[PDB]
$ cat input09.pdb   # PDB, C-alpha atoms
ATOM      1  CA  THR A  25      18.108 -36.717 -70.375
ATOM      2  CA  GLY A  26      20.487 -37.040 -67.450
ATOM      3  CA  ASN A  27      23.973 -38.429 -66.880
ATOM      4  CA  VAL A  28      26.423 -40.169 -64.553
ATOM      5  CA  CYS A  29      27.919 -37.677 -62.098
ATOM      6  CA  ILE A  30      30.920 -37.947 -59.772
ATOM      7  CA  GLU A  31      28.874 -36.858 -56.766
ATOM      8  CA  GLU A  32      31.548 -36.789 -54.086
ATOM      9  CA  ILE A  33      35.182 -37.513 -53.322
ATOM     10  CA  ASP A  34      35.371 -38.196 -49.575
ATOM     11  CA  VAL A  35      37.320 -35.456 -47.799
ATOM     12  CA  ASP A  36      38.784 -38.126 -45.500
ATOM     13  CA  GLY A  37      39.616 -40.126 -48.610
ATOM     14  CA  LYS A  38      37.794 -43.380 -47.823
ATOM     15  CA  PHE A  39      35.321 -43.453 -50.715
ATOM     16  CA  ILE A  40      34.228 -41.975 -54.041
ATOM     17  CA  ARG A  41      30.593 -41.757 -55.095
ATOM     18  CA  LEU A  42      28.847 -41.752 -58.463
ATOM     19  CA  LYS A  43      25.246 -41.018 -59.350
ATOM     20  CA  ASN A  44      23.065 -41.707 -62.366
ATOM     21  CA  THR A  45      20.893 -38.581 -62.424
ATOM     22  CA  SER A  46      19.269 -39.904 -65.614
ATOM     23  CA  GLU A  47      15.910 -41.679 -65.887
ATOM     24  CA  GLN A  48      17.570 -44.491 -67.806
ATOM     25  CA  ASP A  49      19.704 -47.257 -66.305
ATOM     26  CA  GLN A  50      23.348 -47.203 -67.362
ATOM     27  CA  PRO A  51      25.485 -50.362 -67.682
ATOM     28  CA  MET A  52      29.021 -49.778 -66.379
ATOM     29  CA  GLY A  53      30.802 -52.810 -67.771
ATOM     30  CA  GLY A  54      34.203 -51.634 -68.905
ATOM     31  CA  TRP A  55      33.811 -48.101 -67.514
ATOM     32  CA  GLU A  56      36.983 -46.962 -65.747
ATOM     33  CA  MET A  57      37.206 -44.833 -62.603
ATOM     34  CA  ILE A  58      40.678 -43.302 -62.317
ATOM     35  CA  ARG A  59      41.979 -41.950 -58.998
ATOM     36  CA  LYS A  60      44.860 -39.530 -59.463
ATOM     37  CA  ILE A  61      46.935 -38.183 -56.604
ATOM     38  CA  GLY A  62      50.087 -36.412 -57.719
ATOM     39  CA  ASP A  63      52.027 -38.719 -60.028
ATOM     40  CA  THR A  64      50.095 -41.938 -59.417
ATOM     41  CA  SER A  65      46.845 -43.043 -61.051
ATOM     42  CA  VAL A  66      44.922 -46.130 -59.939
ATOM     43  CA  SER A  67      42.115 -47.533 -62.087
ATOM     44  CA  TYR A  68      38.905 -49.122 -60.866
ATOM     45  CA  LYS A  69      37.136 -51.202 -63.551
ATOM     46  CA  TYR A  70      33.418 -51.894 -63.124
ATOM     47  CA  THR A  71      32.383 -55.531 -63.654
ATOM     48  CA  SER A  72      31.024 -56.653 -67.009
ATOM     49  CA  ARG A  73      27.418 -56.802 -65.761
ATOM     50  CA  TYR A  74      27.267 -53.906 -63.307
ATOM     51  CA  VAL A  75      24.399 -51.495 -64.003
ATOM     52  CA  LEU A  76      23.948 -48.167 -62.229
ATOM     53  CA  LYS A  77      20.170 -47.843 -62.285
ATOM     54  CA  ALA A  78      18.377 -44.552 -62.875
ATOM     55  CA  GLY A  79      18.704 -42.269 -59.847
ATOM     56  CA  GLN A  80      20.997 -44.759 -58.118
ATOM     57  CA  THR A  81      24.388 -44.093 -56.547
ATOM     58  CA  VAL A  82      27.357 -46.398 -56.190
ATOM     59  CA  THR A  83      30.073 -45.777 -53.615
ATOM     60  CA  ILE A  84      33.530 -47.262 -53.939
ATOM     61  CA  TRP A  85      35.186 -47.754 -50.548
ATOM     62  CA  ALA A  86      38.852 -48.271 -49.768
ATOM     63  CA  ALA A  87      39.605 -51.854 -48.740
ATOM     64  CA  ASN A  88      40.659 -50.558 -45.315
ATOM     65  CA  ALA A  89      37.827 -48.065 -44.765
ATOM     66  CA  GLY A  90      36.246 -50.729 -42.585
ATOM     67  CA  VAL A  91      33.044 -50.831 -44.630
ATOM     68  CA  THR A  92      31.460 -54.119 -45.623
ATOM     69  CA  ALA A  93      30.489 -54.725 -49.271
ATOM     70  CA  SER A  94      26.803 -54.048 -49.952
ATOM     71  CA  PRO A  95      26.312 -54.538 -53.751
ATOM     72  CA  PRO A  96      25.253 -52.735 -55.836
ATOM     73  CA  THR A  97      25.222 -49.452 -53.905
ATOM     74  CA  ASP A  98      28.487 -49.962 -52.024
ATOM     75  CA  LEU A  99      31.567 -51.723 -53.358
ATOM     76  CA  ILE A 100      35.077 -52.311 -52.088
ATOM     77  CA  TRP A 101      38.104 -51.262 -54.133
ATOM     78  CA  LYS A 102      40.204 -54.403 -53.632
ATOM     79  CA  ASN A 103      43.730 -53.623 -52.362
ATOM     80  CA  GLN A 104      43.422 -49.825 -52.541
ATOM     81  CA  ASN A 105      43.618 -48.014 -49.209
ATOM     82  CA  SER A 106      42.335 -44.622 -48.041
ATOM     83  CA  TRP A 107      44.343 -41.532 -49.031
ATOM     84  CA  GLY A 108      43.736 -39.324 -45.998
ATOM     85  CA  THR A 109      42.623 -35.690 -45.899
ATOM     86  CA  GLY A 110      44.668 -32.771 -47.202
ATOM     87  CA  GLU A 111      45.511 -34.767 -50.322
ATOM     88  CA  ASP A 112      44.762 -33.088 -53.642
ATOM     89  CA  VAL A 113      42.812 -35.807 -55.455
ATOM     90  CA  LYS A 114      41.386 -35.998 -58.963
ATOM     91  CA  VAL A 115      38.846 -38.484 -60.302
ATOM     92  CA  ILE A 116      38.254 -39.205 -63.970
ATOM     93  CA  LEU A 117      35.380 -41.299 -65.291
ATOM     94  CA  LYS A 118      35.836 -42.946 -68.686
ATOM     95  CA  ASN A 119      33.017 -44.757 -70.474
ATOM     96  CA  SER A 120      33.115 -48.125 -72.201
ATOM     97  CA  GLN A 121      34.959 -46.439 -75.082
ATOM     98  CA  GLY A 122      37.944 -45.054 -73.217
ATOM     99  CA  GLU A 123      36.487 -41.573 -73.665
ATOM    100  CA  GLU A 124      35.976 -39.263 -70.682
ATOM    101  CA  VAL A 125      32.454 -38.531 -69.507
ATOM    102  CA  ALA A 126      33.177 -36.758 -66.216
ATOM    103  CA  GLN A 127      35.911 -35.324 -64.020
ATOM    104  CA  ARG A 128      36.127 -33.916 -60.515
ATOM    105  CA  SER A 129      39.053 -32.423 -58.615
ATOM    106  CA  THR A 130      39.088 -31.811 -54.866
ATOM    107  CA  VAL A 131      40.960 -28.810 -53.441
TER     108      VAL A 131
END

$ encode --input "input09.pdb" --output "C-alpha cells"
Amino acid sequence: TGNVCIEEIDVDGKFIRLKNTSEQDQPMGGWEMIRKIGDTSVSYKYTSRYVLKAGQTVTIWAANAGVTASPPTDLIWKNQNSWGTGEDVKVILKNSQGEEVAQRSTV
C-alpha cells in the first residue's frame, strides 16, 4: 500500500511535483491537478494514457520556466506561466472520479 503524493510546490512557482510512493503503477488518465491562487483555479488534465509508475515522480513545469519537456518525468503545462514567490498557492489532486485524493497548501 502506498499512494500518489503532492511532493512539492516550487517556492519560486515554476513547477509542481507528484510522487507515486506505492509499489503499484497508477494510470493518471482523467486525473485533474488544480492550481489555486486566490480566486483563480487552473486545471491540468493528465493525458488518457499517462501512467505514473511505482516510485516515480512527475513534475509539471510552467510553459515559461525555460525547461524542456522530458516525458514522462517532466511535463510542460501549456500556456500556464510561473506564479512567483510570496504567492499563497494551493494544489488539489482529483482522481479519475472527480473525487479528491490529495491536497497541499504552501504558506

$ residues_around --input "input09.pdb" --residues "stretch 53-68 of chain A" --least-positions-apart "4" --cutoff "6 Å" --atoms "only C-alpha atoms" --output "MDAnalysis selection string"
chainID A and resid 72:74 113:120

$ resolve_selection --input "input09.pdb" --expression "the PyMOL selection byres ((chain A and resi 83) around 7)" --output "PyMOL selection string"
chain A and resi 39-42+81-82+84-85+97-99

$ write_last_selection --input "input09.pdb" --atoms "C-alpha atoms" --output "short mmCIF file (atom, residue, chain, number, x, y, z; two decimals), keeping the file's coordinate frame"
data_model
loop_
_atom_site.label_atom_id
_atom_site.label_comp_id
_atom_site.auth_asym_id
_atom_site.auth_seq_id
_atom_site.Cartn_x
_atom_site.Cartn_y
_atom_site.Cartn_z
CA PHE A 39 35.32 -43.45 -50.72
CA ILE A 40 34.23 -41.98 -54.04
CA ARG A 41 30.59 -41.76 -55.10
CA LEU A 42 28.85 -41.75 -58.46
CA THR A 81 24.39 -44.09 -56.55
CA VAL A 82 27.36 -46.40 -56.19
CA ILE A 84 33.53 -47.26 -53.94
CA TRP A 85 35.19 -47.75 -50.55
CA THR A 97 25.22 -49.45 -53.90
CA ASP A 98 28.49 -49.96 -52.02
CA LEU A 99 31.57 -51.72 -53.36
#

$ atom_distance --input "input09.pdb" --atom1 "atom CA of residue A:130" --atom2 "atom CA of residue A:34"
9.1 Å

$ atom_distance --input "input09.pdb" --atom1 "atom CA of residue A:31" --atom2 "atom CA of residue A:103"
22.8 Å

$ closest_residue --input "input09.pdb" --among "A:50, A:106, A:79, A:90" --to "residue A:33" --atoms "only C-alpha atoms"
A:106

$ residues_around --input "input09.pdb" --residues "residue A:110" --least-positions-apart "4" --cutoff "9 Å" --atoms "all atoms listed in the file" --output "list in words"
residues 35, 36 and 131 of chain A

$ closest_residue --input "input09.pdb" --among "A:48, A:28, A:37, A:77" --to "residue A:105" --atoms "all atoms listed in the file"
A:37

$ closest_residue --input "input09.pdb" --among "A:52, A:128, A:30, A:121" --to "residue A:96" --atoms "all atoms listed in the file"
A:52

$ atom_distance --input "input09.pdb" --atom1 "atom CA of residue A:76" --atom2 "atom CA of residue A:47"
11.0 Å

$ resolve_selection --input "input09.pdb" --expression "the PyMOL selection byres ((chain A and resi 87) around 6)" --output "ChimeraX atom specification"
/A:86,88-89,100-105

$ closest_residue --input "input09.pdb" --among "A:108, A:26, A:51, A:122" --to "residue A:70" --atoms "only C-alpha atoms"
A:51

$ residues_near_point --input "input09.pdb" --point "(23.0, -35.2, -68.9)" --cutoff "10 Å" --atoms "only C-alpha atoms" --output "list in words"
residues 25, 26, 27, 28, 29, 44, 45 and 46 of chain A

$ axis_aligned_box --input "input09.pdb" --around "stretch 49-62 of chain A" --padding-each-side "6 Å" --output "lines of an AutoDock Vina configuration file"
center_x = 34.9
center_y = -44.6
center_z = -62.8
size_x = 42.4
size_y = 28.4
size_z = 24.3

$ build_atoms --input "input09.pdb" --residues "stretch 29-58 of chain A" --atoms "N, CA and C atoms" --output "short mmCIF file (atom, residue, chain, number, x, y, z; two decimals), in the frame of the given file"
data_model
loop_
_atom_site.label_atom_id
_atom_site.label_comp_id
_atom_site.auth_asym_id
_atom_site.auth_seq_id
_atom_site.Cartn_x
_atom_site.Cartn_y
_atom_site.Cartn_z
N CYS A 29 27.16 -38.74 -62.74
CA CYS A 29 27.92 -37.68 -62.10
C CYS A 29 28.84 -38.18 -60.99
N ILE A 30 30.02 -37.58 -60.86
CA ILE A 30 30.92 -37.95 -59.77
C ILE A 30 30.39 -37.05 -58.66
N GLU A 31 29.53 -37.61 -57.82
CA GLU A 31 28.87 -36.86 -56.77
C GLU A 31 29.72 -36.40 -55.58
N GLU A 32 30.72 -37.18 -55.21
CA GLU A 32 31.55 -36.79 -54.09
C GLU A 32 32.82 -37.60 -53.92
N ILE A 33 33.89 -36.90 -53.58
CA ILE A 33 35.18 -37.51 -53.32
C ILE A 33 35.38 -37.25 -51.83
N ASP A 34 35.23 -38.30 -51.03
CA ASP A 34 35.37 -38.20 -49.58
C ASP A 34 36.56 -37.34 -49.13
N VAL A 35 36.27 -36.34 -48.30
CA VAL A 35 37.32 -35.46 -47.80
C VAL A 35 38.33 -36.22 -46.94
N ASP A 36 37.89 -37.31 -46.32
CA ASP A 36 38.78 -38.13 -45.50
C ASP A 36 39.31 -39.27 -46.35
N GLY A 37 39.14 -39.14 -47.66
CA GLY A 37 39.62 -40.13 -48.61
C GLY A 37 39.34 -41.61 -48.44
N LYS A 38 38.13 -41.97 -48.01
CA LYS A 38 37.79 -43.38 -47.82
C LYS A 38 36.90 -43.93 -48.94
N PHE A 39 36.22 -43.04 -49.65
CA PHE A 39 35.32 -43.45 -50.72
C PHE A 39 35.17 -42.41 -51.82
N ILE A 40 34.54 -42.84 -52.90
CA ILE A 40 34.23 -41.98 -54.04
C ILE A 40 32.80 -42.37 -54.39
N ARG A 41 31.96 -41.41 -54.77
CA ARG A 41 30.59 -41.76 -55.10
C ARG A 41 30.13 -41.23 -56.44
N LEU A 42 29.40 -42.09 -57.16
CA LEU A 42 28.85 -41.75 -58.46
C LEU A 42 27.33 -41.74 -58.39
N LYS A 43 26.69 -41.04 -59.32
CA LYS A 43 25.25 -41.02 -59.35
C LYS A 43 24.72 -40.92 -60.77
N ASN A 44 23.70 -41.72 -61.06
CA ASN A 44 23.06 -41.71 -62.37
C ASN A 44 21.86 -40.80 -62.17
N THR A 45 21.98 -39.54 -62.58
CA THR A 45 20.89 -38.58 -62.42
C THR A 45 19.85 -38.75 -63.52
N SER A 46 20.15 -39.62 -64.48
CA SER A 46 19.27 -39.90 -65.61
C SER A 46 18.11 -40.84 -65.27
N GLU A 47 17.07 -40.82 -66.11
CA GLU A 47 15.91 -41.68 -65.89
C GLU A 47 16.14 -43.06 -66.48
N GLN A 48 17.24 -43.21 -67.21
CA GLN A 48 17.57 -44.49 -67.81
C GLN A 48 18.73 -45.16 -67.09
N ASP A 49 18.64 -46.48 -66.94
CA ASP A 49 19.70 -47.26 -66.31
C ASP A 49 20.94 -47.16 -67.20
N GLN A 50 22.11 -47.30 -66.61
CA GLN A 50 23.35 -47.20 -67.36
C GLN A 50 24.34 -48.30 -67.01
N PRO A 51 24.54 -49.27 -67.93
CA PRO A 51 25.48 -50.36 -67.68
C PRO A 51 26.86 -49.74 -67.52
N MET A 52 27.69 -50.32 -66.65
CA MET A 52 29.02 -49.78 -66.38
C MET A 52 30.15 -50.71 -66.78
N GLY A 53 29.79 -51.86 -67.34
CA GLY A 53 30.80 -52.81 -67.77
C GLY A 53 31.86 -52.09 -68.59
N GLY A 54 33.12 -52.27 -68.19
CA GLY A 54 34.20 -51.63 -68.90
C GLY A 54 34.55 -50.24 -68.42
N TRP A 55 33.56 -49.46 -68.00
CA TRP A 55 33.81 -48.10 -67.51
C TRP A 55 34.98 -48.11 -66.53
N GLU A 56 35.80 -47.06 -66.59
CA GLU A 56 36.98 -46.96 -65.75
C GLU A 56 36.96 -45.73 -64.85
N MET A 57 37.18 -45.94 -63.56
CA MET A 57 37.21 -44.83 -62.60
C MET A 57 38.66 -44.66 -62.17
N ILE A 58 39.27 -43.57 -62.60
CA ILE A 58 40.68 -43.30 -62.32
C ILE A 58 40.94 -42.33 -61.16
#
